[PDB]
Amino acid sequence: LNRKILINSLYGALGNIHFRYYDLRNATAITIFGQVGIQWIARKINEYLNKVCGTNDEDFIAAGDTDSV
Amino acid sequence: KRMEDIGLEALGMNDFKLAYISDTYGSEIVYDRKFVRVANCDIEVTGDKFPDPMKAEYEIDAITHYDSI
Amino acid sequence: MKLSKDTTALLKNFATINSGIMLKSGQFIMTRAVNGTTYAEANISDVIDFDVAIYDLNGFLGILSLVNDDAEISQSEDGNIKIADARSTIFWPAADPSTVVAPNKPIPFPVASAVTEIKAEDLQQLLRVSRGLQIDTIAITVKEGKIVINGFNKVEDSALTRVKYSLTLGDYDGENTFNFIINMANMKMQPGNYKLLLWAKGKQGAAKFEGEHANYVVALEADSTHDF
Amino acid sequence: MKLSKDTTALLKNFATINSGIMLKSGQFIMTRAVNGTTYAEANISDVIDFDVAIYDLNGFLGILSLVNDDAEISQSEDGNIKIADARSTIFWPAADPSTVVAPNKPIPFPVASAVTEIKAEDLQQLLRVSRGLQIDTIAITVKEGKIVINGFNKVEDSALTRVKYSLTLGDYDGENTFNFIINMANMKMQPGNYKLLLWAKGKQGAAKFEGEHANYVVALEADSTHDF
Amino acid sequence: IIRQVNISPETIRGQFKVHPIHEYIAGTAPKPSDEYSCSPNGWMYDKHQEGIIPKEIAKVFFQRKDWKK
Amino acid sequence: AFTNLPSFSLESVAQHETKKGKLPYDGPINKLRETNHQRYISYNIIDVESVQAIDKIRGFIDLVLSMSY
Amino acid sequence: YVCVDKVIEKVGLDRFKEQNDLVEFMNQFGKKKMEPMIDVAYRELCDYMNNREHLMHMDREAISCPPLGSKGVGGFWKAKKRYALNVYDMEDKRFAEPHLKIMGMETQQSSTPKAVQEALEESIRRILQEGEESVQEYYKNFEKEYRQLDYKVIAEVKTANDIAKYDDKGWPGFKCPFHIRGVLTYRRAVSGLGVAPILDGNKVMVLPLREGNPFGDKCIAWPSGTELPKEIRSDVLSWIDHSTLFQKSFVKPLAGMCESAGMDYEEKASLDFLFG
Amino acid sequence: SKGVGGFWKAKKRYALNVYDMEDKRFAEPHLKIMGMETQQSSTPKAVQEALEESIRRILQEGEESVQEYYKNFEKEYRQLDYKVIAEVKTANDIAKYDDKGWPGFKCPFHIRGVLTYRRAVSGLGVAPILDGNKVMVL
DNA sequence: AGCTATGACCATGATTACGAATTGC
DNA sequence: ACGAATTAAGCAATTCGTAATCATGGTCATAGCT
Ligand SMILES: [Ca+2]
């Protein structure tokens with residue numbers, strides 16, 4: 001839990017203007033790549049489930065947030 | 001600061017550029033508009049989304065800089 | 001005074017138009033709309049010897065119907081109306097004539113551009129449908145040599161291109177074309193047979209419904225377009 | 001197609017169930033309530049020649065009552081409703097069939113578990129009395145070897161044991177027992193004599209009022225217990 | 001206002017009895033004072049002694065009048 | 001300036017005062033570079049000339065010089 | 001603001017063969033009554049306050065008045081900081097033509113389209129210069145000619161976000177504010193055309209459709225700057241309530257202004273012509 | 001059974017009858033819920049337990065069980081303790097609204113209750129409602 | 001003397017924008 | 001809109017209450033007909 005709170009504190013720190021190494025480009029790249037990754041996995045799950053089930057254009061994904069889905 | 005922390009009023013003028021100017025000139029100043037250089041500028045940026053002044057993602061391609069001198 | 005049943009039946013329909021009235025001497029009863037949109041006239045068989053302005057005319061009629069027909073109407077001692085019954089006496093306040101909106105002279109109706117007639121049941125059905133389907137404008141026009149009346153709602157259509165009601169009134173042999181617009185607020189005449197006269201010239205138009213007892217005059221909206 | 005006056009009365013009684021009732025080609029009409037707690041149907045002599053869905057059926061009937069019985073009702077050039085009389089033409093907006101909550105198919109009511117007959121006078125008295133005593137729940141049950149219908153109150157009595165109304169209905173030699181109840185939002189049948197049928201299974205039941213003109217079906221609430 | 005009635009910081013001579021606004025607007029309130037001028041806020045302003053802010057305002061007004069002439 | 005124009009866009013003020021109309025253009029700004037680059041650069045140069053003209057007629061740089069001196 | 005309705009009447013309008021003569025008499029009696037009155041008033045004020053000197057001078061800045069021989073009203077007031085004056089001689093600058101000094105109305109405001117702004121300014125000029133009948137005829141002819149104007153300038157424009165909004169196959173979901181419902185209608189109409197779907201945050205033009213439309217909605221919304229597919233655009237153009245927008249943006253301000261000046265912008269067409 | 005198994009309500013609002021969690025097979029299924037009223041602290045404790053059990057019945061038992069338990073808890077609600085049924089939201093920005101112990105401009109419900117408690121008896125020297133604390137509202 | 005159609009009202013219902021409290025990845 | 005010296009994990013989301021505004025049901029009042 002100590003290590004986890006440290007790691008989770010890193011992302012919060014990287015968005016603080018008073019951080020020594022703050023760069024808005026870096027934080028926005030992290031978060032936008034998170035968005036793109038979760039939606040990419042969403043699309044891949046949708047396609048694979050459509051193939052395996054045999055039907056098409058069906059949204060099998062209930063809902064996803066960040067890493068969880 | 002010392003007069004401030006003892007609650008004693010300190011006179012004079014606080015800002016010092018004005019005091020420097022007053023002592024440096026004193027008399028009224030005669031000027032010619034030609035010698036002072038005024039640069040009138042504008043830029044043009046092309047971007048899909050509305051360009052953001054704060055982050056400036058897009059490139060710069062058109063600059064106009066008019067010099068009076 | 002002694003007012004018969006027919007006179008009361010006539011002037012209650014007139015009371016529906018204008019609450020007040022200005023009963024003058026003679027055998028001619030007149031009413032005008034407060035906003036001057038409808039103007040009604042009738043001739044009665046009762047003698048009138050003094051003039052009086054009535055404000056709550058409907059209550060006056062309620063009192064009259066409450067009492068016997070041979071009740072006598074007089075100028076009361078307090079500058080008001082006195083109703084003497086066979087056994088009772090009633091007092092009714094007299095309104096100031098300046099506070100009653102009444103015509104100052106009979107209106108000579110000009111030469112009618114169009115002449116036709118409408119039956120009692122036709123007008124009755126028209127009024128009931130008018131209350132039912134929320135129509136507020138009625139257009140009198142021509143269609144294949146026949147004069148027709150249509151219903152339009154100004155609230156939903158200001159251009160009047162949605163036919164909701166339509167009736168055929170009579171034949172029309174001519175080439176002058178017309179389309180008159182009447183608001184439903186002026187269609188306040190009593191049920192009964194009527195003769196309809198239409199007059200139009202430039203931006204001056206009017207209509208007249210004359211029945212067996214009473215006559216009504218209705219203004220025409222400026223949106224009406226005629227070719228006379 | 002023309003609608004008889006009896007058809008109009010039946011349509012108005014059916015309008016009570018739902019302000020908007022759809023119509024189909026044929027001679028069988030049918031509807032349900034918005035919450036599905038009451039259903040009705042009828043077999044009328046007149047045959048409808050076109051499908052149409054009406055939203056303000058009460059208003060439509062009120063307008064229809066203003067014309068003669070020989071009025072011809074049919075679809076118009078724009079898919080709306082048009083009523084042609086001898087001299088008049090009524091336009092009515094045909095509603096979207098989707099925006100009317102109407103039953104999809106006629107209900108094949110199963111075999112009745114219980115059968116009796118309610119006289120016209122009984123229902124006529126009960127419906128008017130229920131308003132007087134503020135009775136909003138009325139329960140039919142089996143008592144002393146007979147079938148009787150007693151009314152209670154619910155606003156202050158959640159136990160449903162405070163007895164306010166009682167009515168002896170008939171005899172029943174049935175070993176099956178039950179206490180069915182109906183709210184007054186479901187009692188909308190017109191005065192008349194109806195065969196009353198009762199069905200109940202699993203955890204739900206229903207009651208049926210079949211008549212010489214129309215049939216009604218009413219739901220039975222949660223407290224309507226049956227021991228079959 | 002600043003010129004005709006001195007509102008310079010140092011010309012405050014003390015407080016003045018404040019009446020309701022209606023008394024001042026209707027003229028019903030008595031004359032405040034003859035020695036020093038007053039304002040509806042109710043602070044005594046010197047009449048005999050000229051302030052500094054109205055002096056500057058008068059100087060700028062005179063310069064404006066001369067330059068407009 | 002004490003002038004309350006309906007909109008403070010450069011085109012609006014230049015039209016109101018210099019009475020010189022901007023050359024009309026087609027499409028959106030972002031595609032304007034790739035459609036007519038000549039037109040794009042000429043528009044930017046005109047813009048700078050228009051601000052120079054409003055300065056010349058109103059005479060504001062001289063005003064700020066007179067202020068500061 | 002002074003000189004309402006008394007001084008001019010007290011003397012008589014008959015003394016003015018020309019509106020300019022009325023303006024000259026205005027100047028004459030203004031100079032007659034201005035300096036001594038204001039002088040003694042502010043003298044009383046400074047003496048009451050007993051200050052060193054008095055430095056407050058009045059000066060007639062703006063003079064408005066209805067044009068002579070016309071039924072126009074000239075000047076009215078709507079509310080605080082909302083007023084229009086038919087000014088003639090502003091700060092000693094005689095004008096050959098009237099100047100409509102307007103503040104607070106929709107004319108200078110850019111919420112309405114430029115055509116609507118021009119129409120509003122013309123209506124204001126009409127109510128202040130000639131009067132009722134001209135306002136009526138102008139209103140009628142503008143109603144006649146409004147239907148032919150481009151829909152790009154006579155329709156609504158609004159932002160669009162949360163395109164889904166619990167779409168549920170056309171179901172409004174979260175009470176589509178008369179423009180997201182139009183977005184849904186446009187999406188349903190263009191089904192099969194392959195056009196670009198509407199995205200979040202896009203500016204969309206909205207056109208209310210006539211009642212009983214095949215679209216199934218009394219409004220439609222397509223991305224602003226684009227046009228509805230001509231195939232469906234012709235249909236949406238046939239079903240337009242130019243009236244709805246007209247009563248929203250144009251009729252309401254005219255009604256408010258006319259009732260603020262004792263006027264009526266819709267002809268009543270009474271029977272009084274036959275009454276006399 | 002007749003249980004739904006799992007259901008959703010909105011973004012970050014869902015309830016699931018989890019059987020295994022990270023390769024840990026559970027002897028009996030246990031409820032996993034994120035967002036609804038049984039995790040929101042502001043909802044009352046007794047209400048928390050009641051609606052948590054109702055959610056469990058929804059996810060495992062079925063409609064009839066939900067109706068039966070709703071009727072049972074409707075019966076049970078009247079004779080419960082006052083402290084265990086109340087919203088427990090915090091309070092902030094004290095000087096925005098207070099006057100004579102009465103609500104001010106845009107006074108929230110909990111703050112209105114706080115001011116009413118101020119008017120209640122007072123003068124006993126009990127701890128105040130200074131911001132950062134938690135208060136039950138009734 | 002009473003039923004009933006309709007205007008007013010008084011509150012009621014409904015929708016919108018904004019502040020606030022609380023989760024949860 | 002120039003105060004001027006300075007400082008410390010982030011965002012997306014729901015849900016409720018309050019304040020503003022428009023549409024309307026139940027009921028009362030008016031009244032009109034029988
Ligand atoms: Ca997780």
# chains A, B, ... in the order shown; residues from 1 in each chain; ligands from 1

call {"tool": "residues_near_ligand", "arguments": {"ligand": "ligand 1", "cutoff": "10 Å", "atoms": "only C-alpha atoms (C1' of nucleotides) and all ligand atoms", "output": "list in words"}}
result
residues 65, 66, 67, 68 and 69 of chain A; 24 and 25 of chain I

call {"tool": "interface_residues", "arguments": {"of": "chain I", "to": "chain H", "cutoff": "8 Å", "atoms": "only C-alpha atoms (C1' of nucleotides)", "output": "PyMOL selection string"}}
result
chain I and resi 21-24

call {"tool": "write_last_selection", "arguments": {"atoms": "N, CA and C atoms (P, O5', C5', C4', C3', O3' and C1' of nucleotides)", "output": "PDB file, in the first residue's frame"}}
result
ATOM      1  P    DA I  21     -20.796  21.244   0.529  1.00  0.00           P
ATOM      2  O5'  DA I  21     -20.988  19.678   0.747  1.00  0.00           O
ATOM      3  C5'  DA I  21     -22.297  19.139   0.804  1.00  0.00           C
ATOM      4  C4'  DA I  21     -22.278  17.658   0.495  1.00  0.00           C
ATOM      5  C3'  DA I  21     -20.945  16.969   0.754  1.00  0.00           C
ATOM      6  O3'  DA I  21     -21.171  15.709   1.347  1.00  0.00           O
ATOM      7  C1'  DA I  21     -21.576  16.668  -1.508  1.00  0.00           C
ATOM      8  P    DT I  22     -19.957  14.889   2.001  1.00  0.00           P
ATOM      9  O5'  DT I  22     -19.867  13.588   1.084  1.00  0.00           O
ATOM     10  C5'  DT I  22     -21.054  12.891   0.746  1.00  0.00           C
ATOM     11  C4'  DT I  22     -20.845  12.049  -0.495  1.00  0.00           C
ATOM     12  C3'  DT I  22     -19.519  11.283  -0.531  1.00  0.00           C
ATOM     13  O3'  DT I  22     -19.758   9.902  -0.692  1.00  0.00           O
ATOM     14  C1'  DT I  22     -19.934  12.380  -2.584  1.00  0.00           C
ATOM     15  P    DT I  23     -18.917   8.843   0.171  1.00  0.00           P
ATOM     16  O5'  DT I  23     -18.358   7.818  -0.913  1.00  0.00           O
ATOM     17  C5'  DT I  23     -17.846   8.304  -2.130  1.00  0.00           C
ATOM     18  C4'  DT I  23     -18.410   7.522  -3.296  1.00  0.00           C
ATOM     19  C3'  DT I  23     -17.483   6.456  -3.844  1.00  0.00           C
ATOM     20  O3'  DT I  23     -18.226   5.442  -4.488  1.00  0.00           O
ATOM     21  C1'  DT I  23     -17.622   8.284  -5.362  1.00  0.00           C
ATOM     22  P    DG I  24     -17.596   3.992  -4.785  1.00  0.00           P
ATOM     23  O5'  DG I  24     -16.607   4.247  -6.032  1.00  0.00           O
ATOM     24  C5'  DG I  24     -17.179   4.530  -7.335  1.00  0.00           C
ATOM     25  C4'  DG I  24     -16.070   4.606  -8.356  1.00  0.00           C
ATOM     26  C3'  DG I  24     -14.836   3.770  -8.014  1.00  0.00           C
ATOM     27  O3'  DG I  24     -14.293   3.166  -9.182  1.00  0.00           O
ATOM     28  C1'  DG I  24     -14.203   5.998  -8.351  1.00  0.00           C
TER      29       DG I  24
END

call {"tool": "interface_residues", "arguments": {"of": "chain J", "to": "chain H", "cutoff": "10 Å", "atoms": "only C-alpha atoms (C1' of nucleotides)", "output": "PyMOL selection string"}}
result
chain J and resi 12-14+16-19

call {"tool": "residues_around", "arguments": {"residues": "residue 8 of chain H", "least_positions_apart": "5", "cutoff": "9 Å", "atoms": "only C-alpha atoms (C1' of nucleotides)", "output": "list in words"}}
result
residues 62 and 63 of chain A; 13, 14, 15 and 16 of chain H

call {"tool": "write_last_selection", "arguments": {"atoms": "N, CA and C atoms", "output": "mmCIF file, in the first residue's frame"}}
result
data_model
loop_
_atom_site.group_PDB
_atom_site.id
_atom_site.type_symbol
_atom_site.label_atom_id
_atom_site.label_comp_id
_atom_site.auth_asym_id
_atom_site.auth_seq_id
_atom_site.Cartn_x
_atom_site.Cartn_y
_atom_site.Cartn_z
ATOM 1 N N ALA A 62 -20.590 -3.930 -21.375
ATOM 2 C CA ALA A 62 -21.510 -3.252 -20.471
ATOM 3 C C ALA A 62 -21.055 -1.824 -20.214
ATOM 4 N N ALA A 63 -19.877 -1.661 -19.615
ATOM 5 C CA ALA A 63 -19.320 -0.327 -19.418
ATOM 6 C C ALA A 63 -17.895 -0.437 -18.909
ATOM 7 N N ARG H 13 -21.962 3.475 -11.675
ATOM 8 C CA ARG H 13 -23.082 3.024 -10.807
ATOM 9 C C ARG H 13 -23.488 1.609 -11.227
ATOM 10 N N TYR H 14 -23.153 0.591 -10.427
ATOM 11 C CA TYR H 14 -23.451 -0.811 -10.838
ATOM 12 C C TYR H 14 -23.436 -1.747 -9.631
ATOM 13 N N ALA H 15 -24.162 -2.866 -9.729
ATOM 14 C CA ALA H 15 -24.202 -3.870 -8.638
ATOM 15 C C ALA H 15 -24.038 -5.267 -9.242
ATOM 16 N N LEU H 16 -23.133 -6.088 -8.697
ATOM 17 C CA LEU H 16 -22.849 -7.422 -9.297
ATOM 18 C C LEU H 16 -22.758 -8.493 -8.203
#

call {"tool": "select_by_dssp", "arguments": {"residues": "chain B", "states": "strand (DSSP E or B)", "output": "MDAnalysis selection string"}}
result
chainID B and resid 39:44 62:67

call {"tool": "closest_residue", "arguments": {"among": "B:42, B:15, B:67, B:57", "to": "chain F", "atoms": "only C-alpha atoms"}}
result
B:42

call {"tool": "residues_around", "arguments": {"residues": "segment 4-8 of chain I", "least_positions_apart": "6", "cutoff": "10 Å", "atoms": "only C-alpha atoms (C1' of nucleotides)", "output": "list in words"}}
result
residues 28, 29, 30, 31, 32 and 33 of chain J

call {"tool": "write_last_selection", "arguments": {"atoms": "N, CA and C atoms (P, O5', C5', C4', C3', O3' and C1' of nucleotides)", "output": "PDB file, in the first residue's frame"}}
result
ATOM      1  P    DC J  28     -63.964  23.772  -3.572  1.00  0.00           P
ATOM      2  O5'  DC J  28     -64.158  25.349  -3.730  1.00  0.00           O
ATOM      3  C5'  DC J  28     -63.068  26.223  -3.460  1.00  0.00           C
ATOM      4  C4'  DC J  28     -63.257  27.554  -4.161  1.00  0.00           C
ATOM      5  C3'  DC J  28     -64.685  28.097  -4.130  1.00  0.00           C
ATOM      6  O3'  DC J  28     -64.665  29.484  -3.843  1.00  0.00           O
ATOM      7  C1'  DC J  28     -63.933  27.949  -6.366  1.00  0.00           C
ATOM      8  P    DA J  29     -66.030  30.264  -3.515  1.00  0.00           P
ATOM      9  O5'  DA J  29     -66.269  31.158  -4.815  1.00  0.00           O
ATOM     10  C5'  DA J  29     -65.199  31.928  -5.347  1.00  0.00           C
ATOM     11  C4'  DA J  29     -65.629  32.656  -6.607  1.00  0.00           C
ATOM     12  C3'  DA J  29     -67.061  33.174  -6.595  1.00  0.00           C
ATOM     13  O3'  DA J  29     -67.107  34.456  -7.203  1.00  0.00           O
ATOM     14  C1'  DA J  29     -66.777  31.633  -8.391  1.00  0.00           C
ATOM     15  P    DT J  30     -68.503  35.231  -7.378  1.00  0.00           P
ATOM     16  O5'  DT J  30     -68.916  34.904  -8.883  1.00  0.00           O
ATOM     17  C5'  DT J  30     -67.945  35.016  -9.914  1.00  0.00           C
ATOM     18  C4'  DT J  30     -68.615  35.061 -11.271  1.00  0.00           C
ATOM     19  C3'  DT J  30     -70.069  35.512 -11.244  1.00  0.00           C
ATOM     20  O3'  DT J  30     -70.321  36.398 -12.321  1.00  0.00           O
ATOM     21  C1'  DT J  30     -69.912  33.326 -12.182  1.00  0.00           C
ATOM     22  P    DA J  31     -71.775  37.053 -12.509  1.00  0.00           P
ATOM     23  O5'  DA J  31     -72.473  36.089 -13.569  1.00  0.00           O
ATOM     24  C5'  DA J  31     -71.707  35.564 -14.642  1.00  0.00           C
ATOM     25  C4'  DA J  31     -72.406  34.377 -15.271  1.00  0.00           C
ATOM     26  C3'  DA J  31     -73.929  34.520 -15.392  1.00  0.00           C
ATOM     27  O3'  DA J  31     -74.337  34.145 -16.690  1.00  0.00           O
ATOM     28  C1'  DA J  31     -73.382  32.472 -14.409  1.00  0.00           C
ATOM     29  P    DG J  32     -75.560  34.898 -17.405  1.00  0.00           P
ATOM     30  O5'  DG J  32     -75.658  34.173 -18.823  1.00  0.00           O
ATOM     31  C5'  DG J  32     -74.859  33.026 -19.081  1.00  0.00           C
ATOM     32  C4'  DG J  32     -75.711  31.771 -19.102  1.00  0.00           C
ATOM     33  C3'  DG J  32     -77.220  32.019 -19.235  1.00  0.00           C
ATOM     34  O3'  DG J  32     -77.743  31.234 -20.294  1.00  0.00           O
ATOM     35  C1'  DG J  32     -76.775  30.507 -17.483  1.00  0.00           C
ATOM     36  P    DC J  33     -79.116  31.652 -21.016  1.00  0.00           P
ATOM     37  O5'  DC J  33     -79.945  30.288 -21.061  1.00  0.00           O
ATOM     38  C5'  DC J  33     -79.305  29.085 -21.468  1.00  0.00           C
ATOM     39  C4'  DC J  33     -79.783  27.911 -20.632  1.00  0.00           C
ATOM     40  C3'  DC J  33     -81.297  27.713 -20.616  1.00  0.00           C
ATOM     41  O3'  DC J  33     -81.649  26.589 -21.413  1.00  0.00           O
ATOM     42  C1'  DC J  33     -80.303  27.433 -18.432  1.00  0.00           C
TER      43       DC J  33
END

call {"tool": "atom_distance", "arguments": {"atom1": "atom CA of residue 54 of chain E", "atom2": "atom CA of residue 4 of chain E"}}
result
8.0 Å

call {"tool": "decode", "arguments": {"residues": "segment 103-126 of chain C", "atoms": "N, CA and C atoms", "output": "PDB file, in the first residue's frame"}}
result
ATOM      1  N   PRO C 103     -73.553  53.270 -29.609  1.00  0.00           N
ATOM      2  CA  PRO C 103     -73.484  54.037 -30.857  1.00  0.00           C
ATOM      3  C   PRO C 103     -74.182  55.381 -30.721  1.00  0.00           C
ATOM      4  N   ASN C 104     -73.655  56.374 -31.433  1.00  0.00           N
ATOM      5  CA  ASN C 104     -74.226  57.713 -31.420  1.00  0.00           C
ATOM      6  C   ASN C 104     -75.222  57.951 -32.547  1.00  0.00           C
ATOM      7  N   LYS C 105     -75.240  57.098 -33.568  1.00  0.00           N
ATOM      8  CA  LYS C 105     -76.138  57.269 -34.701  1.00  0.00           C
ATOM      9  C   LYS C 105     -76.320  55.925 -35.384  1.00  0.00           C
ATOM     10  N   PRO C 106     -77.471  55.681 -36.008  1.00  0.00           N
ATOM     11  CA  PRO C 106     -77.617  54.475 -36.830  1.00  0.00           C
ATOM     12  C   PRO C 106     -76.632  54.487 -37.986  1.00  0.00           C
ATOM     13  N   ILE C 107     -76.080  53.315 -38.283  1.00  0.00           N
ATOM     14  CA  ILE C 107     -75.073  53.164 -39.330  1.00  0.00           C
ATOM     15  C   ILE C 107     -75.798  52.778 -40.616  1.00  0.00           C
ATOM     16  N   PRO C 108     -75.749  53.599 -41.663  1.00  0.00           N
ATOM     17  CA  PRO C 108     -76.346  53.216 -42.949  1.00  0.00           C
ATOM     18  C   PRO C 108     -75.447  52.237 -43.687  1.00  0.00           C
ATOM     19  N   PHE C 109     -75.880  50.986 -43.757  1.00  0.00           N
ATOM     20  CA  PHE C 109     -75.088  49.964 -44.426  1.00  0.00           C
ATOM     21  C   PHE C 109     -74.991  50.282 -45.915  1.00  0.00           C
ATOM     22  N   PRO C 110     -73.790  50.279 -46.495  1.00  0.00           N
ATOM     23  CA  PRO C 110     -73.659  50.607 -47.921  1.00  0.00           C
ATOM     24  C   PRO C 110     -74.222  49.519 -48.821  1.00  0.00           C
ATOM     25  N   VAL C 111     -74.116  49.717 -50.135  1.00  0.00           N
ATOM     26  CA  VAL C 111     -74.607  48.724 -51.082  1.00  0.00           C
ATOM     27  C   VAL C 111     -73.782  47.452 -50.951  1.00  0.00           C
ATOM     28  N   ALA C 112     -74.465  46.317 -50.840  1.00  0.00           N
ATOM     29  CA  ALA C 112     -73.782  45.050 -50.623  1.00  0.00           C
ATOM     30  C   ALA C 112     -73.085  44.592 -51.897  1.00  0.00           C
ATOM     31  N   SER C 113     -71.799  44.255 -51.776  1.00  0.00           N
ATOM     32  CA  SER C 113     -71.079  43.699 -52.916  1.00  0.00           C
ATOM     33  C   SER C 113     -71.550  42.283 -53.223  1.00  0.00           C
ATOM     34  N   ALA C 114     -71.860  41.503 -52.188  1.00  0.00           N
ATOM     35  CA  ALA C 114     -72.367  40.149 -52.352  1.00  0.00           C
ATOM     36  C   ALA C 114     -73.575  39.941 -51.450  1.00  0.00           C
ATOM     37  N   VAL C 115     -74.531  39.152 -51.936  1.00  0.00           N
ATOM     38  CA  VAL C 115     -75.772  38.870 -51.223  1.00  0.00           C
ATOM     39  C   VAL C 115     -75.954  37.360 -51.154  1.00  0.00           C
ATOM     40  N   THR C 116     -76.274  36.850 -49.968  1.00  0.00           N
ATOM     41  CA  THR C 116     -76.533  35.425 -49.793  1.00  0.00           C
ATOM     42  C   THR C 116     -77.333  35.233 -48.510  1.00  0.00           C
ATOM     43  N   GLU C 117     -77.518  33.977 -48.109  1.00  0.00           N
ATOM     44  CA  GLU C 117     -78.240  33.673 -46.883  1.00  0.00           C
ATOM     45  C   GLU C 117     -77.663  32.413 -46.257  1.00  0.00           C
ATOM     46  N   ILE C 118     -77.831  32.302 -44.940  1.00  0.00           N
ATOM     47  CA  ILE C 118     -77.369  31.157 -44.167  1.00  0.00           C
ATOM     48  C   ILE C 118     -78.489  30.719 -43.231  1.00  0.00           C
ATOM     49  N   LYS C 119     -78.670  29.406 -43.109  1.00  0.00           N
ATOM     50  CA  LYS C 119     -79.748  28.844 -42.313  1.00  0.00           C
ATOM     51  C   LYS C 119     -79.382  28.819 -40.830  1.00  0.00           C
ATOM     52  N   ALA C 120     -80.402  28.590 -39.999  1.00  0.00           N
ATOM     53  CA  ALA C 120     -80.204  28.573 -38.552  1.00  0.00           C
ATOM     54  C   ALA C 120     -79.302  27.421 -38.126  1.00  0.00           C
ATOM     55  N   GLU C 121     -79.636  26.200 -38.552  1.00  0.00           N
ATOM     56  CA  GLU C 121     -78.871  25.036 -38.123  1.00  0.00           C
ATOM     57  C   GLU C 121     -77.449  25.068 -38.664  1.00  0.00           C
ATOM     58  N   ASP C 122     -77.251  25.641 -39.853  1.00  0.00           N
ATOM     59  CA  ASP C 122     -75.901  25.778 -40.387  1.00  0.00           C
ATOM     60  C   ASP C 122     -75.038  26.639 -39.475  1.00  0.00           C
ATOM     61  N   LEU C 123     -75.557  27.802 -39.071  1.00  0.00           N
ATOM     62  CA  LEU C 123     -74.804  28.681 -38.182  1.00  0.00           C
ATOM     63  C   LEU C 123     -74.603  28.040 -36.815  1.00  0.00           C
ATOM     64  N   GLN C 124     -75.616  27.327 -36.319  1.00  0.00           N
ATOM     65  CA  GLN C 124     -75.491  26.666 -35.023  1.00  0.00           C
ATOM     66  C   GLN C 124     -74.378  25.622 -35.051  1.00  0.00           C
ATOM     67  N   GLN C 125     -74.362  24.787 -36.093  1.00  0.00           N
ATOM     68  CA  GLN C 125     -73.297  23.803 -36.241  1.00  0.00           C
ATOM     69  C   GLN C 125     -71.947  24.484 -36.408  1.00  0.00           C
ATOM     70  N   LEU C 126     -71.911  25.596 -37.146  1.00  0.00           N
ATOM     71  CA  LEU C 126     -70.662  26.325 -37.328  1.00  0.00           C
ATOM     72  C   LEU C 126     -70.111  26.803 -35.993  1.00  0.00           C
TER      73      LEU C 126
END
